[PDB]
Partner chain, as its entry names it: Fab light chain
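Quick heads-up: it's one chain on its own, the form deposited without the partner chain, in structure tokens.
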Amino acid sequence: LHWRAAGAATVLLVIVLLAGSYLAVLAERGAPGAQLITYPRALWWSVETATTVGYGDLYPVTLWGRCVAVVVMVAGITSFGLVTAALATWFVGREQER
């Protein structure tokens, strides 16, 4: 159904994390004012970025790594909005009945 598209986000996002998580630590690590130096840092970062929390304990300073960011942000933001869209039609699905 549409939950095959919902779990599709999950699967697809955990990738974007590991993807940009690693993809990012590289484009960052080594440049001035670097913070995303370790892999597990850039790991926690993505989690905190993809959920739009951003305590600001870690972030990119590289005009390149900052792209990884924008991809990890929209990535997370969209995924959830799509699990919200699933619960939406699911609530309308049981009202299209009753």
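Positions refer to the first chain, counted from 1.
- The mean C-alpha temperature factor is higher for 27-35 when 27-35 and 53-61 are set side by side.
- Relative to its counterpart among 86-94 and 72-80, 86-94 has the higher mean temperature factor, C-alpha atoms as listed in the PDB entry.
Although it is not shown, the form solved in complex with the partner chain is what the next lines describe.
- Shown here without the partner chain, the chain has 29, 30, 31, 32, 33, 34, 35, 37, 41 in 25-45 lying with a heavy atom within 4.5 Å of that partner in the deposited complex.
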